[PDB]
Structures are given as C-alpha cells and as structure tokens.
There are 2 protein chains.
Amino acid sequence: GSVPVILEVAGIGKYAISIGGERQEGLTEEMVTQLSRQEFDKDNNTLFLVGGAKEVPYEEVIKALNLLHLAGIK
Amino acid sequence: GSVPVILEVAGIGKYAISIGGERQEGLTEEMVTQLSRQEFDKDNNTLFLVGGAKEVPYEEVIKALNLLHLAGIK
C-alpha cells in the first residue's frame, strides 16, 4: 500500500488526519467521523491507526477509538 | 519529523512496529514493550500511534494501548 489512514489526537477535541500521504489539521470530532467513514466506505482494507500526543489524557484516546468504533471503522 | 513510531495489532498476540521508516514484523508483547520503551527513552517527542487490523477484536486494541501506558509510552 501507499499510506494508511492516520488519526491524531492533538489535544482536547482537536484532531489531525493523514489520508494516503495528505494531512488535514484543525478537524472536529463530527468532521473526523465524516472523513473516517467516507474513506472506509471507499476502501475496506484501509489500515486504521490512532495516536495521541504527550499532553493528551489517555481517557481521551479511548474516547477517540470509541468514536471510530461507533461509525464502524474498527 | 521523518516517520513516527507505529505499533500494529496483526491479530491475537502478534504485532508489527515501524520505527522511523523501518518495519519489524513477528514481534511479541514483551518484545514490543522493550522496543517501545527503548525508542521513547531515546526520543521524548516521538509520536506514538496504535492501529489494529479488521480481524482483531477491539478489546485487544484496548489491551495494546494499556500495555503502552504501563511502560509510560502514553
């Protein structure tokens, strides 16, 4: 493959997403869902990975993973 | 940066890790910890991200994230 789908937890409610090499910053939770869902519906074998920064609480990372599960990403 | 630290959940107990462009496959949980800890102690600003495959249960992804937290990765 070229480059997976990457979701980054920049803080509290702010996220960044890397789609096949292209990076998008300043995304919201509702918007991150929209994009994640659209990319997964077009490609079913898209490797999904989630990472958080050192300043983000682990509980928020769980929530992020939770949101992805809710939209059927993982 | 060049390329973050990526940990992939290939299944049940099998993991893959990508360190600055170099990918290692067939790693165990105890070994993944060793590597993750060594990379984090050398670089404190290393972006850490975790992703699981479509065939892996979400509960295992939580466990993986849990293991990283235990060794102070996130």
# chains A, B, ... in the order shown; residues from 1 in each chain; ligands from 1

call {"tool": "residues_around", "arguments": {"residues": "region 61-70 of chain A", "least_positions_apart": "5", "cutoff": "12 Å", "atoms": "only C-alpha atoms", "output": "count of residues only"}}
result
48

call {"tool": "calpha_fit_and_write", "arguments": {"fixed": "chain A", "moving": "chain B", "output": "JSON list (two decimals) with N, CA and C atoms, in the first residue's frame"}}
result
[["chain", "number", "residue", "atom", "x", "y", "z"],
["B", 1, "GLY", "N", 0.83, -1.23, 0.00],
["B", 1, "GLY", "CA", 0.00, 0.00, 0.00],
["B", 1, "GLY", "C", 0.84, 1.26, 0.00],
["B", 2, "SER", "N", 0.19, 2.41, -0.20],
["B", 2, "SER", "CA", 0.89, 3.69, -0.23],
["B", 2, "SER", "C", 1.06, 4.24, 1.19],
["B", 3, "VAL", "N", -0.04, 4.72, 1.77],
["B", 3, "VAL", "CA", -0.01, 5.27, 3.13],
["B", 3, "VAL", "C", -1.38, 5.11, 3.83],
["B", 4, "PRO", "N", -1.44, 4.35, 4.96],
["B", 4, "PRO", "CA", -2.70, 4.12, 5.71],
["B", 4, "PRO", "C", -3.53, 5.37, 6.01],
["B", 5, "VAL", "N", -4.53, 5.19, 6.88],
["B", 5, "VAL", "CA", -5.35, 6.29, 7.37],
["B", 5, "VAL", "C", -4.93, 6.52, 8.82],
["B", 6, "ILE", "N", -4.44, 7.72, 9.10],
["B", 6, "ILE", "CA", -3.95, 8.05, 10.44],
["B", 6, "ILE", "C", -4.76, 9.17, 11.09],
["B", 7, "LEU", "N", -5.19, 8.93, 12.33],
["B", 7, "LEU", "CA", -5.93, 9.92, 13.11],
["B", 7, "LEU", "C", -5.10, 10.27, 14.35],
["B", 8, "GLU", "N", -4.85, 11.57, 14.52],
["B", 8, "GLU", "CA", -4.04, 12.08, 15.62],
["B", 8, "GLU", "C", -4.83, 12.98, 16.57],
["B", 9, "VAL", "N", -4.69, 12.69, 17.86],
["B", 9, "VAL", "CA", -5.31, 13.46, 18.94],
["B", 9, "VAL", "C", -4.36, 14.57, 19.39],
["B", 10, "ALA", "N", -4.59, 15.78, 18.85],
["B", 10, "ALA", "CA", -3.75, 16.94, 19.14],
["B", 10, "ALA", "C", -4.00, 17.54, 20.52],
["B", 11, "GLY", "N", -5.16, 17.26, 21.11],
["B", 11, "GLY", "CA", -5.46, 17.82, 22.42],
["B", 11, "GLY", "C", -6.80, 17.39, 22.98],
["B", 12, "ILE", "N", -7.66, 18.37, 23.24],
["B", 12, "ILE", "CA", -9.00, 18.13, 23.76],
["B", 12, "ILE", "C", -10.04, 18.58, 22.75],
["B", 13, "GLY", "N", -10.40, 17.68, 21.84],
["B", 13, "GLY", "CA", -11.39, 17.99, 20.83],
["B", 13, "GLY", "C", -10.79, 18.36, 19.48],
["B", 14, "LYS", "N", -9.46, 18.49, 19.41],
["B", 14, "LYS", "CA", -8.78, 18.83, 18.16],
["B", 14, "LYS", "C", -8.08, 17.60, 17.61],
["B", 15, "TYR", "N", -8.29, 17.34, 16.31],
["B", 15, "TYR", "CA", -7.68, 16.17, 15.68],
["B", 15, "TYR", "C", -7.12, 16.47, 14.28],
["B", 16, "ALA", "N", -6.16, 15.64, 13.90],
["B", 16, "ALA", "CA", -5.49, 15.72, 12.60],
["B", 16, "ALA", "C", -5.62, 14.38, 11.89],
["B", 17, "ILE", "N", -5.81, 14.38, 10.57],
["B", 17, "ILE", "CA", -5.93, 13.11, 9.85],
["B", 17, "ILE", "C", -5.05, 13.06, 8.60],
["B", 18, "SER", "N", -4.35, 11.94, 8.44],
["B", 18, "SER", "CA", -3.49, 11.74, 7.28],
["B", 18, "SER", "C", -4.08, 10.66, 6.40],
["B", 19, "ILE", "N", -4.48, 11.07, 5.21],
["B", 19, "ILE", "CA", -5.10, 10.19, 4.24],
["B", 19, "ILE", "C", -4.19, 9.96, 3.04],
["B", 20, "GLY", "N", -3.62, 8.76, 2.93],
["B", 20, "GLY", "CA", -2.75, 8.44, 1.81],
["B", 20, "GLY", "C", -1.70, 9.51, 1.52],
["B", 21, "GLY", "N", -1.01, 9.98, 2.55],
["B", 21, "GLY", "CA", 0.02, 10.99, 2.37],
["B", 21, "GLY", "C", -0.47, 12.42, 2.59],
["B", 22, "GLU", "N", -1.77, 12.69, 2.41],
["B", 22, "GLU", "CA", -2.28, 14.05, 2.62],
["B", 22, "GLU", "C", -2.73, 14.25, 4.07],
["B", 23, "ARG", "N", -2.22, 15.31, 4.70],
["B", 23, "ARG", "CA", -2.53, 15.61, 6.10],
["B", 23, "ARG", "C", -3.51, 16.78, 6.24],
["B", 24, "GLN", "N", -4.54, 16.59, 7.07],
["B", 24, "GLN", "CA", -5.53, 17.64, 7.34],
["B", 24, "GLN", "C", -5.51, 17.98, 8.83],
["B", 25, "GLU", "N", -5.37, 19.27, 9.15],
["B", 25, "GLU", "CA", -5.31, 19.72, 10.55],
["B", 25, "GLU", "C", -6.48, 20.64, 10.92],
["B", 26, "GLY", "N", -6.79, 20.67, 12.22],
["B", 26, "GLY", "CA", -7.85, 21.52, 12.72],
["B", 26, "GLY", "C", -9.23, 20.91, 12.56],
["B", 27, "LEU", "N", -9.31, 19.59, 12.55],
["B", 27, "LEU", "CA", -10.59, 18.92, 12.37],
["B", 27, "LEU", "C", -11.32, 18.69, 13.69],
["B", 28, "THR", "N", -12.66, 18.70, 13.61],
["B", 28, "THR", "CA", -13.53, 18.49, 14.76],
["B", 28, "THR", "C", -13.88, 17.01, 14.88],
["B", 29, "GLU", "N", -14.56, 16.63, 15.97],
["B", 29, "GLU", "CA", -14.94, 15.23, 16.16],
["B", 29, "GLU", "C", -15.99, 14.81, 15.14],
["B", 30, "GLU", "N", -17.02, 15.62, 14.92],
["B", 30, "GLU", "CA", -18.06, 15.31, 13.95],
["B", 30, "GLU", "C", -17.49, 15.22, 12.54],
["B", 31, "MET", "N", -16.55, 16.12, 12.23],
["B", 31, "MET", "CA", -15.92, 16.13, 10.91],
["B", 31, "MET", "C", -14.96, 14.95, 10.74],
["B", 32, "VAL", "N", -14.21, 14.60, 11.79],
["B", 32, "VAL", "CA", -13.28, 13.48, 11.72],
["B", 32, "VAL", "C", -14.04, 12.18, 11.42],
["B", 33, "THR", "N", -15.26, 12.09, 11.98],
["B", 33, "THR", "CA", -16.11, 10.92, 11.76],
["B", 33, "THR", "C", -16.50, 10.84, 10.29],
["B", 34, "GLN", "N", -16.99, 11.96, 9.76],
["B", 34, "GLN", "CA", -17.41, 12.07, 8.36],
["B", 34, "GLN", "C", -16.32, 11.58, 7.41],
["B", 35, "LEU", "N", -15.11, 12.10, 7.59],
["B", 35, "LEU", "CA", -13.96, 11.73, 6.77],
["B", 35, "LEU", "C", -13.57, 10.27, 6.96],
["B", 36, "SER", "N", -13.48, 9.83, 8.20],
["B", 36, "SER", "CA", -13.11, 8.45, 8.50],
["B", 36, "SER", "C", -14.08, 7.46, 7.85],
["B", 37, "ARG", "N", -15.37, 7.76, 7.96],
["B", 37, "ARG", "CA", -16.42, 6.92, 7.39],
["B", 37, "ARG", "C", -16.36, 6.91, 5.86],
["B", 38, "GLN", "N", -16.15, 8.08, 5.26],
["B", 38, "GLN", "CA", -16.09, 8.17, 3.80],
["B", 38, "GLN", "C", -14.90, 7.41, 3.25],
["B", 39, "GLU", "N", -13.76, 7.48, 3.93],
["B", 39, "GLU", "CA", -12.57, 6.78, 3.47],
["B", 39, "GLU", "C", -12.71, 5.27, 3.63],
["B", 40, "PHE", "N", -13.35, 4.84, 4.72],
["B", 40, "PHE", "CA", -13.54, 3.42, 4.96],
["B", 40, "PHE", "C", -14.57, 2.80, 4.01],
["B", 41, "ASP", "N", -15.58, 3.57, 3.59],
["B", 41, "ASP", "CA", -16.60, 3.05, 2.68],
["B", 41, "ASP", "C", -16.05, 2.90, 1.26],
["B", 42, "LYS", "N", -15.04, 3.71, 0.92],
["B", 42, "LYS", "CA", -14.43, 3.62, -0.41],
["B", 42, "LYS", "C", -13.36, 2.52, -0.45],
["B", 43, "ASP", "N", -12.64, 2.35, 0.66],
["B", 43, "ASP", "CA", -11.61, 1.32, 0.78],
["B", 43, "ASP", "C", -11.84, 0.51, 2.05],
["B", 44, "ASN", "N", -12.20, -0.77, 1.88],
["B", 44, "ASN", "CA", -12.48, -1.64, 3.02],
["B", 44, "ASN", "C", -11.22, -2.23, 3.65],
["B", 45, "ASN", "N", -10.08, -2.17, 2.95],
["B", 45, "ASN", "CA", -8.83, -2.72, 3.51],
["B", 45, "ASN", "C", -7.90, -1.61, 4.02],
["B", 46, "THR", "N", -8.46, -0.43, 4.29],
["B", 46, "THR", "CA", -7.68, 0.71, 4.76],
["B", 46, "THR", "C", -7.17, 0.49, 6.18],
["B", 47, "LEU", "N", -5.85, 0.46, 6.37],
["B", 47, "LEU", "CA", -5.27, 0.30, 7.70],
["B", 47, "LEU", "C", -5.59, 1.54, 8.54],
["B", 48, "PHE", "N", -6.29, 1.35, 9.65],
["B", 48, "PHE", "CA", -6.65, 2.46, 10.53],
["B", 48, "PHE", "C", -5.80, 2.44, 11.80],
["B", 49, "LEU", "N", -5.20, 3.59, 12.09],
["B", 49, "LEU", "CA", -4.34, 3.74, 13.26],
["B", 49, "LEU", "C", -4.61, 5.05, 14.00],
["B", 50, "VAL", "N", -4.58, 4.99, 15.33],
["B", 50, "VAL", "CA", -4.86, 6.15, 16.17],
["B", 50, "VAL", "C", -3.70, 6.46, 17.12],
["B", 51, "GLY", "N", -3.30, 7.73, 17.20],
["B", 51, "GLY", "CA", -2.21, 8.12, 18.09],
["B", 51, "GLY", "C", -2.51, 9.44, 18.78],
["B", 52, "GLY", "N", -2.02, 9.58, 20.01],
["B", 52, "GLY", "CA", -2.24, 10.81, 20.77],
["B", 52, "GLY", "C", -0.94, 11.45, 21.21],
["B", 53, "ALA", "N", -0.97, 12.76, 21.45],
["B", 53, "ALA", "CA", 0.21, 13.50, 21.87],
["B", 53, "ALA", "C", 0.48, 13.30, 23.37],
["B", 54, "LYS", "N", 1.69, 13.67, 23.80],
["B", 54, "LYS", "CA", 2.10, 13.53, 25.19],
["B", 54, "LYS", "C", 1.22, 14.33, 26.16],
["B", 55, "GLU", "N", 0.67, 15.44, 25.69],
["B", 55, "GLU", "CA", -0.16, 16.31, 26.53],
["B", 55, "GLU", "C", -1.64, 15.89, 26.58],
["B", 56, "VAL", "N", -2.03, 14.84, 25.86],
["B", 56, "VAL", "CA", -3.43, 14.40, 25.87],
["B", 56, "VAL", "C", -3.68, 13.29, 26.90],
["B", 57, "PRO", "N", -4.79, 13.36, 27.69],
["B", 57, "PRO", "CA", -5.11, 12.31, 28.67],
["B", 57, "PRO", "C", -5.45, 11.00, 27.96],
["B", 58, "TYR", "N", -5.07, 9.85, 28.52],
["B", 58, "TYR", "CA", -5.36, 8.57, 27.87],
["B", 58, "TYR", "C", -6.86, 8.34, 27.70],
["B", 59, "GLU", "N", -7.65, 8.82, 28.66],
["B", 59, "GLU", "CA", -9.10, 8.66, 28.60],
["B", 59, "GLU", "C", -9.65, 9.25, 27.29],
["B", 60, "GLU", "N", -8.99, 10.28, 26.76],
["B", 60, "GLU", "CA", -9.47, 10.90, 25.52],
["B", 60, "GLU", "C", -9.15, 10.02, 24.33],
["B", 61, "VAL", "N", -8.01, 9.32, 24.41],
["B", 61, "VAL", "CA", -7.61, 8.42, 23.33],
["B", 61, "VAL", "C", -8.64, 7.29, 23.22],
["B", 62, "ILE", "N", -9.10, 6.81, 24.38],
["B", 62, "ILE", "CA", -10.12, 5.76, 24.42],
["B", 62, "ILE", "C", -11.39, 6.26, 23.74],
["B", 63, "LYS", "N", -11.80, 7.47, 24.11],
["B", 63, "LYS", "CA", -12.97, 8.11, 23.51],
["B", 63, "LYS", "C", -12.84, 8.18, 21.98],
["B", 64, "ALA", "N", -11.67, 8.58, 21.50],
["B", 64, "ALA", "CA", -11.41, 8.65, 20.06],
["B", 64, "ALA", "C", -11.61, 7.29, 19.40],
["B", 65, "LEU", "N", -11.00, 6.27, 19.99],
["B", 65, "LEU", "CA", -11.14, 4.90, 19.49],
["B", 65, "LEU", "C", -12.62, 4.49, 19.54],
["B", 66, "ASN", "N", -13.29, 4.93, 20.60],
["B", 66, "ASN", "CA", -14.71, 4.67, 20.79],
["B", 66, "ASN", "C", -15.54, 5.27, 19.65],
["B", 67, "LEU", "N", -15.19, 6.51, 19.26],
["B", 67, "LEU", "CA", -15.93, 7.19, 18.19],
["B", 67, "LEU", "C", -15.78, 6.46, 16.87],
["B", 68, "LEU", "N", -14.58, 5.95, 16.61],
["B", 68, "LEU", "CA", -14.30, 5.22, 15.38],
["B", 68, "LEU", "C", -15.12, 3.93, 15.34],
["B", 69, "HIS", "N", -15.20, 3.25, 16.48],
["B", 69, "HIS", "CA", -15.98, 2.01, 16.58],
["B", 69, "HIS", "C", -17.46, 2.30, 16.32],
["B", 70, "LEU", "N", -17.94, 3.42, 16.85],
["B", 70, "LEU", "CA", -19.34, 3.81, 16.67],
["B", 70, "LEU", "C", -19.70, 3.94, 15.19],
["B", 71, "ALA", "N", -18.78, 4.47, 14.38],
["B", 71, "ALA", "CA", -19.04, 4.63, 12.94],
["B", 71, "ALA", "C", -18.61, 3.40, 12.12],
["B", 72, "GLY", "N", -18.26, 2.31, 12.81],
["B", 72, "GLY", "CA", -17.81, 1.08, 12.18],
["B", 72, "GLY", "C", -16.48, 1.18, 11.45],
["B", 73, "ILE", "N", -15.50, 1.82, 12.07],
["B", 73, "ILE", "CA", -14.16, 1.92, 11.48],
["B", 73, "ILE", "C", -13.29, 0.79, 12.03],
["B", 74, "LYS", "N", -13.52, 0.41, 13.28],
["B", 74, "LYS", "CA", -12.75, -0.66, 13.92],
["B", 74, "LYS", "C", -13.44, -1.13, 15.20]]

call {"tool": "select_by_dssp", "arguments": {"residues": "chain B", "states": "helix (DSSP H, G or I)", "output": "PyMOL selection string"}}
result
chain B and resi 29-42+58-70

call {"tool": "select_by_dssp", "arguments": {"residues": "chain B", "states": "strand (DSSP E or B)", "output": "list in words"}}
result
residues 5, 6, 7, 8, 9, 15, 16, 17, 18, 19, 22, 23, 24, 25, 26, 27, 48, 49, 50, 51 and 52 of chain B
